[PDB]
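So the structure is just underneath, and the comments pick up after that.
Each chain gets a letter, A, B and so on, in the order its sequence line appears, and its residues count up from 1. Values below: all heavy atoms of this structure, side chains included; hydrogens, waters and symmetry mates excluded.
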Amino acid sequence: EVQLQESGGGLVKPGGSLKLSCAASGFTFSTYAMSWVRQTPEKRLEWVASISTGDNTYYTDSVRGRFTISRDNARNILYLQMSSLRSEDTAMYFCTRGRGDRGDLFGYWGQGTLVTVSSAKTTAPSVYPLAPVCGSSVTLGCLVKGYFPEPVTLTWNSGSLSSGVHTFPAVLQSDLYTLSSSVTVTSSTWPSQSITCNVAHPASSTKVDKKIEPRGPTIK
Amino acid sequence: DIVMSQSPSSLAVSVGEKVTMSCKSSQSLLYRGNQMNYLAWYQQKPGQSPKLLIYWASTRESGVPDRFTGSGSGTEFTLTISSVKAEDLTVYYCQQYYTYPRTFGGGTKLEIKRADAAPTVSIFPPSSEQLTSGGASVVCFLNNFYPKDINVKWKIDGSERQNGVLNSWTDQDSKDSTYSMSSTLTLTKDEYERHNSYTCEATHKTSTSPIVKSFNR
């Protein structure tokens, strides 16, 4: 029935511009007030703007004079023109339709389009093997430091090693992402069997393998 | 602003339990003209948009199961689930539409109770490979613990360091309902080599004393 689909999201530099579009179908579009609501990386929900059935517009202060909400009833689409983009504007942007023919209560939401505002350069991660230091099981690891943008793909032994794995959500520090992963196995499994960290970063077009070498005295 | 506050922010639950979520309003949402509360609840499952659950504080949206029940008035609102189902284990947001700006509460996340488990702690020196580039990250994994509340301190030669620590926390594990955490201390290579003892210490309610993992450079 009711379908909403956002588009036009992407990566931009601070001070940049974007125009989101929201394609609606499965209802009489002119009847309803529409809105844009964003979800920040901290997963807070922030109402951004609303447009009435008669083109009256409402904004939250932070985007006033920078964003413009509009509708095109002939084409069933809602727009959000974004200008002078800021770091804070980074969010998933949802378009919504009023529940009833009355107000802007967020009755129906699209699946969202992602907007990222960052001054970071595209950066391949540095991938470091984490070998155990001075039993029954042993925990190995992989550090994927300082990359942009998201995402990376990390597997262990090309996907063969899947259980006992924790891969921690990427986190931002100094405009770059860092991620890590642990893999826990039987002590008899390793280092008898080889274990390798595979990291792909499809944006710097890099693919890296890192074998976890056991620590020990083939020291000089 | 009109400020919406949800309590608590997270709640440990058992399937089949009755649970209750609070949403508080910094100003009343009760409109005298029609005695309606301009308050809505949303559910947001992982990867999905929020979906409207309740509106006018107590009106279920169509196709919303009877176990969901909203109540309250003025500034104090409640979302109740009669018998929680596994698919209800997620985030719920309240929202006022009494005035502009439209404002949301910070959300309440429901999670699964499971019985306390101690972290398995592992410390890792910087890789020789990172050292070559003049960097030195020290990594500490704290894996498979419950409840999720945990504290990590880095101590270097017996003294505590806070700058340059990067922490990350998993979501509750779907298989064992436990939590894991990663802590990374990044130093300059030079500063890493001015010290010997590196220590990751985890404070968790499963022990009256820290779980300590250390190495000497």
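Contacts between A:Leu140 and chain B at a heavy-atom distance below 4.5 Å involve the backbone alone (N, CA, C, O). Residue B:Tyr38: no heavy atom, backbone or side chain, is found under 4.5 Å from chain A. Residue B:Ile123 touches chain A through both its backbone and its side chain, counting heavy-atom pairs closer than 4.5 Å. With a threshold of 4.5 angstrom between heavy atoms, A:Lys145 approaches chain B through side-chain atoms but not through N, CA, C or O. Looking at B:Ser128, there are no atoms closer than 4.5 Å to chain A (heavy atoms on both sides), in backbone or side chain. Proximity to chain B is absent for every atom of A:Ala49, based on heavy atoms less than 4.5 angstrom apart. For a residue to count as touching a neighbouring chain, one of its non-hydrogen atoms must lie under 4.5 Å from one of that chain's; by this rule A:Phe168 touches chain B with backbone and side chain alike. Using a 4.5 Å cut-off between heavy atoms, B:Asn167 contacts chain A through its backbone alone, with no side-chain atom that close. Heavy atoms of A:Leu143 lying under 4.5 Å from chain B belong exclusively to its side chain. Using a 4.5 Å cut-off between heavy atoms, B:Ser122 touches chain A through its side chain atoms alone. The part of B:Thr186 that comes within reach of chain A is its side chain, from C-beta onward, which places non-hydrogen atoms under 4.5 angstrom from that chain. Heavy atoms closer than 4.5 Å to chain B are found nowhere in A:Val48, neither backbone nor side chain. Interface remark: A:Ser126 contributes no atoms to any contact with chain B (heavy atom separation under 4.5 Å). Heavy atoms closer than 4.5 Å to chain B are found in the side chain of A:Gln39, but not in its backbone. When heavy atoms are compared at a cutoff of 4.5 Å, A:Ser50 approaches chain B solely by way of its side chain, counted from C-beta outward.
Options A:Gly141, A:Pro132, A:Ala131, A:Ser174 differ in how many heavy-atom pairs under 4.5 Å they form with chain B, and the most are formed by A:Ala131. Looking only at heavy-atom pairs under 4.5 Å with chain A, the residue among B:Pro101, B:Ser137, B:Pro50 that has the most is B:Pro50. Of the listed residues (A:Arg44, A:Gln111, A:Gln173), the one with the most heavy-atom contacts under 4.5 Å to chain B is A:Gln111. Contact tally against chain B (heavy-atom pairs below 4.5 Å) for A:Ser35, A:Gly110, A:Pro129: the top residue is A:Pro129.
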Step-by-step side chain to side chain donor-acceptor pair (under 3.5 Å) determination, A:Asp209 to A:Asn198: CA-CA 5 Å; A:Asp209 297 302; A:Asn198 331 112; 2.8 Å; yes

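Side-chain contact annotation: B:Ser182 with A:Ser180, donor-acceptor N/O pair under 3.5 Å present.
At least one cation-pi condition fails for A:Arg64 and A:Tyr59: the charged atom is not both under 6.0 angstrom from the six-membered ring centre and inside a 45 degree cone around its axis. Cation-pi check for A:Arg71 over A:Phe29 is met; the charged atom lies under 6.0 angstrom from the ring centroid and within 45 degrees of its normal.
In summary, A:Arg99 and B:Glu61 engage in a salt bridge, as defined by a charged side-chain N under 4.0 Å from a carboxylate O. A salt bridge does not link A:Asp175 to A:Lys121: none of the charged nitrogens lies less than 4.0 Å from a carboxylate oxygen. A salt bridge links B:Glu160 to B:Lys153: one of the charged nitrogens lies within less than 4.0 Å of a carboxylate oxygen. Salt-bridge annotation for A:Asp89 and A:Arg86: absent, with no side-chain N of the basic residue lying under 4.0 Å from a carboxylate O of the acidic one.
Panel note: side chain B:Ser180, backbone B:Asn144; a donor-acceptor pair is recorded below 3.5 Å.
When the side-chain contact (heavy atoms from CB on, under 4.5 Å) test is applied to B:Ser133, the partners found at least two apart in sequence or on another chain are A:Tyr128, B:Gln130.
B:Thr108 contributes atom OG1, which lies 4.5 Å from atom CD of B:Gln6 (distance to the nearest 0.5 angstrom).
Taking the six-membered ring where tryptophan is involved, the planes of A:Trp109 and A:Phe94 are perpendicular, since the angle between them exceeds 60° and thus also 30°.
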